[PDB]
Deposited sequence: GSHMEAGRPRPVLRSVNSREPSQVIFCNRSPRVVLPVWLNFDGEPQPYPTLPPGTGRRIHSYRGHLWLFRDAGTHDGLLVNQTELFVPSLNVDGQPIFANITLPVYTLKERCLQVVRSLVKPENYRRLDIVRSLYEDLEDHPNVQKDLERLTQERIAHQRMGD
């Protein structure tokens, strides 16, 4: 339902990682399956050959935190008059940002050992995920 269009029409794309995260580019193939590509270090760039009508999204390579590309969630290469794909941090909610920090300090096994409301215990293990966000 959310797949790349097999147009076979070449489209030069520049991946510009303007975030302090290691970015994992994800290409949704013609079946809708998320296909990972080589990661981009923070503040770095990379030139890749893609195609018109192809679906891309971007995540933190280590935590799968959601990232924005051109101020949205989905990047679709268009006709080349190289299309620029600006990858930036979104403004996370304070709750989600706090979750990211706690997850990176505590091993998933010790989520239960933390003194918090059980509601937070569940939120902590509900890690950001490509398939989870992939629905509509």
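Chain regions without C-alpha coordinates, deposited sequence numbering:
No coordinates exist for the deposited residues in 1 to 11, 93 to 95, 151 to 163, so these stretches are absent from the model.
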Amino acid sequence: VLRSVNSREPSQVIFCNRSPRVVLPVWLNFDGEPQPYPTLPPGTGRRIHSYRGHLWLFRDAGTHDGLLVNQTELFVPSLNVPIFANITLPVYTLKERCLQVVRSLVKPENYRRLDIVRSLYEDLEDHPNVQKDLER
From here on, numbers count along this sequence of modelled residues.
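Mean temperature factor over C-alpha atoms, higher-scoring stretch between 84 to 92 and 71 to 79
The recorded data point to 71 to 79.
For the C-alpha atoms alone, is the average B factor greater in 44 to 52 or in 61 to 69, going by the entry?
Higher of the two, by average CA B-factor, is 44 to 52.
Specify which of 114, 16, 23, 13 carries the largest Cα B factor in the deposited PDB entry.
Comparing C-alpha B-factors across 114, 16, 23, 13, the top value belongs to 114.
Residue 102 CA temperature factor, ranked by third within the chain
Answer is middle: the recorded C-alpha B-factor places it there.
Pull the Cα B-factor of residue 39 out of the PDB entry and bin it into the chain's lowest, middle or highest third.
Lowest third.
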